[PDB]
Amino acid sequence: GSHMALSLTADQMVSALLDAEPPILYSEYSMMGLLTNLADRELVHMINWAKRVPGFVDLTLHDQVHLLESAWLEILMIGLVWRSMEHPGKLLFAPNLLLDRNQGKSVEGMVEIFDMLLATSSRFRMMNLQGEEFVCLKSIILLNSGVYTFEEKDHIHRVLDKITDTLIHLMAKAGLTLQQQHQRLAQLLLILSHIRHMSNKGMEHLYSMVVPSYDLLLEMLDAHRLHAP
Amino acid sequence: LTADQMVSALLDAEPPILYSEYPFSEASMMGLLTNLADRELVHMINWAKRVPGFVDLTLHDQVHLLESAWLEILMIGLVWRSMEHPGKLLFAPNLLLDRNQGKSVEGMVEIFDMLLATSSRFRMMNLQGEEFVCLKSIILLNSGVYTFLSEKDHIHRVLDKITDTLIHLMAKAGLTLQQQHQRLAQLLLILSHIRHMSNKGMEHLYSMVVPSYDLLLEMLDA
Ligand SMILES: O=C(O)CCN1CCc2c([nH]c3ccccc23)[C@H]1c1ccc(Cl)cc1
Ligand SMILES: O=C(O)CCN1CCc2c([nH]c3ccccc23)[C@H]1c1ccc(Cl)cc1
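Residues numbered from 1 in each chain as written, not as in the entry; some residues may be left out. Chains lettered and ligands numbered in written order. Heavy atoms only, no water. Residues with missing side-chain atoms left out of burial classes, pairs and counts.

If you check the header, you'll see the entry was determined by X-ray crystallography and the resolution is listed as 1.90 Å.

Regarding the site of ligand 1
Residue and element names in this part refer to chain A. Counted only if it meets this: We call a residue near a molecule or strand as soon as one heavy atom of that residue lies within 4 Å of the molecule or strand. What qualifies as a polar contact is a pair of N or O atoms within 3.5 Å, subject to a donor-acceptor requirement within protein and to the restriction that residues adjacent in sequence count only when both atoms come from side chains. Strands are runs of DSSP state E lasting at least 2 residues, helices are runs of H or I lasting at least 4, and numbering of each runs from the N terminus. Think of it as three bins: nonpolar holds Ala, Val, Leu, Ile, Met, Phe, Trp, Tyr, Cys and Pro, charged holds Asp, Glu, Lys and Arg, and polar takes everything else, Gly as well.
The environment of ligand 1 is made up of 18 residues, and the closest members are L35, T36, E42, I113 and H205. Contacts to ligand 1 include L35, whose backbone N or O atom sits 3.1 Å from a nitrogen atom. Within the contact set of ligand 1, an oxygen atom lies 2.7 Å away from a side-chain nitrogen or oxygen of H205. Within the residue set of the shell around ligand 1, elements represented by two or more residues are α2 (31-51), α3 (61-84), α5 (110-126) and α8 (178-208). Considered class by class, the residues forming the shell around ligand 1 number 13 nonpolar, 3 polar and 2 charged.

Quick look at the environment of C134 of chain B
Structurally, the position occupied by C134 of chain B is in helix α6 (residues 129-142). When the C-alpha positions of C134 of chain B and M30 of chain B are compared, they lie 30 Å apart, and in sequence the two are 104 residues distant.

Focus: the site of ligand 2
Residue and element names in this part refer to chain B. Not every one of the 16 residues close to ligand 2 is listed here, only the nearest: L33, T34, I111, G201 and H204. Contact distances for ligand 2 include 3.2 Å between a nitrogen atom and a backbone N or O atom of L33. Note that an oxygen atom of ligand 2 is positioned 2.6 Å from one of the side-chain N or O atoms of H204. Every element with two or more residues in the shell around ligand 2 is listed here: α2 (26-49), α3 (59-82), α5 (108-124) and α8 (177-206). Counting residues per element, the shell around ligand 2 draws most heavily on α3, which supplies 5 residues. By residue class, the composition of the shell around ligand 2 is 12 nonpolar, 3 polar and 1 charged.

Quick word on the packing of helix α6 (residues 131-144) of chain A against helix α7 (residues 152-173) of chain A
Angle between the axes and distance between the axes are the two parameters that describe a pair of packed helices. Residue and element names in this part refer to chain A. What counts, and what does not: Axis definition: a line fitted to C-alpha atoms, limited for helices to the stretch in contact. Angles are taken between N-to-C directions and run from 0 to 180 degrees. Angles are sorted into four bins: roughly parallel if under 35 degrees, roughly antiparallel if over 145, roughly perpendicular if 65 to 115, and oblique for all others. Here a crossing is taken to be left-handed if its near helix is turned anticlockwise relative to the far helix by less than a right angle, and right-handed if that turn runs clockwise. The criterion used for residue contact is that any of the two residues' heavy atoms lie within 4.5 Å.
Closest axis-to-axis distance for the α6/α7 pair is 10 Å, and the angle between their directions is 165°. The angle between α6 and α7 falls in the class roughly antiparallel. Between α6 and α7 the crossing geometry is left-handed. Contact residues: α6 offers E132, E133, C136, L137, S139, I140, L143 and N144, while α7 offers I156, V159, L160, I163, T166, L167, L170 and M171.

So, the interface of chain B and chain A
The test is simple: For any pair of parts, buried area is found by adding up, for both, the accessible area (1.4 Å probe) each one loses once the two are put together. Note on definitions: salt bridges are taken to be side-chain nitrogens of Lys or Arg within 4 Å of carboxyl oxygens of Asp or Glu.
At the interface, 31 residues of chain B touch 30 residues of chain A. Across the chain B/chain A interface, buried area totals approximately 3000 Å², and carbon plus sulfur atoms make up 60% of it. When the buried area of chain B at its contact with chain A is split by residue, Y146, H181 and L189 of chain B rank highest and sum to 24% of it. Here chain B is connected to chain A by 0 salt bridges.

Structural notes on α8 of chain B
Operational definition: Each helix should span, by expectation, one fewer than its residue count multiplied by 1.5 Å. With a 1.4 Å probe rolled over the protein chains alone, any residue whose accessible area is under 20% of its type maximum counts as buried; one over 50% counts as exposed, and the rest are partly exposed.
End to end, α8 of chain B covers 45 Å across 30 residues, agreeing with the expected 44 Å (1.5 Å per residue, within 8%). Burial analysis of α8 of chain B places 23 of its 30 residues in the buried class, the great majority of the element.

If you want it as structure tokens, here you go:
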């Protein structure tokens, strides 16, 4: 059978998001080349993951591609900062690609982006971000980042409301007071503004020096239909 | 301060609505929009000094936060004022510009479209004045808080207090517990889009003006 997104309980939402989680990939081996190769491989898995975020396949294909084109670098970044949280001062791009600030100095313009990513990872560490919170934030990014550069918009907002309910549930079951739930919610959501900022400055840097286009993402999203179950 | 005193302090500190210099070309429009921005900036400083918690920061921290947030602050203002003018941006009472007028300036129309989509979002949520001021203060305290080079708990403490406040206004207005977190989230997710617009606006302004760190410091110090 199939669950419609708005019917899911918080436990079904959490389970759906955990089961959709992509794998941790390895670097295949210049720093930019490694980071580009890794991003390209991550993107394949990201398509598979997006298709499994409750609500996403309710949208038309052209709206799917809108959302993913807006969000893909933020998505890459949040998963990076997540994985990096237990390595203070380092970015765990892969288990065999743990880079420090000084290594970021090898590409002109890169240290400023490395520094921002690091500040984010350290902020998640200090908040003790949990895996089940992470997955909710990541799915938020996907449905939100492109929501305002477009009845159907209502649906995405209702899905977003379900994810917020889900984060609140997690926080209430972890023993936070109603007031602490609201504060922690707000703190996590304001970090999302910083992720957007990092993605904007990242895009500018990539364009200053090939990035996933609209057309590429469209094709990838479409091609997913042909993959073996 | 109580949630109610926070709200009164913020409303009290609001800046004044300004007029644009008393049909439009591109040089004329950019100049109008630049001059209005420059004039808003001195009032923005006075507003920033009365956001509770902000004067307790060191001068350098004040400047960093303002430098990071200034454009999002103007933009949120603008979007707020434009709420009731669907398809138009109310830069001033005597400067109400539509999409098409945007197209006078190469690159501008995209930023215009995004600002209109925000205004139209705020309209559909029925954003209230008391919520607006809380959001604007959140931007000032949050935008630059993760981009410091190296106290920051102080800013986080204030940010938490605006959250409480946002909730209390919702509770006052009779939202259920569930509705309160859902609204909170909806409002704070819009701040991502404000941030994005500020980034895109910075790039667009760099294709041509922008207040320096040192100028901000002077103005805040004086
Ligand atoms: O240049 C910048 O300022 C942004 C750099 N990006 C930082 C985030 C990021 C990159 N590769 C990744 C692989 C996995 C996770 C996160 C990343 C890299 C990256 C490199 C190339 C491409 Cl096409 C996409 C992302
Ligand atoms: O070109 C862009 O993408 C950004 C354009 N900005 C949009 C928001 C904005 C401008 N002037 C304003 C005056 C009041 C409120 C909002 C604004 C204008 C602007 C013009 C000059 C300067 Cl220095 C700053 C802001």
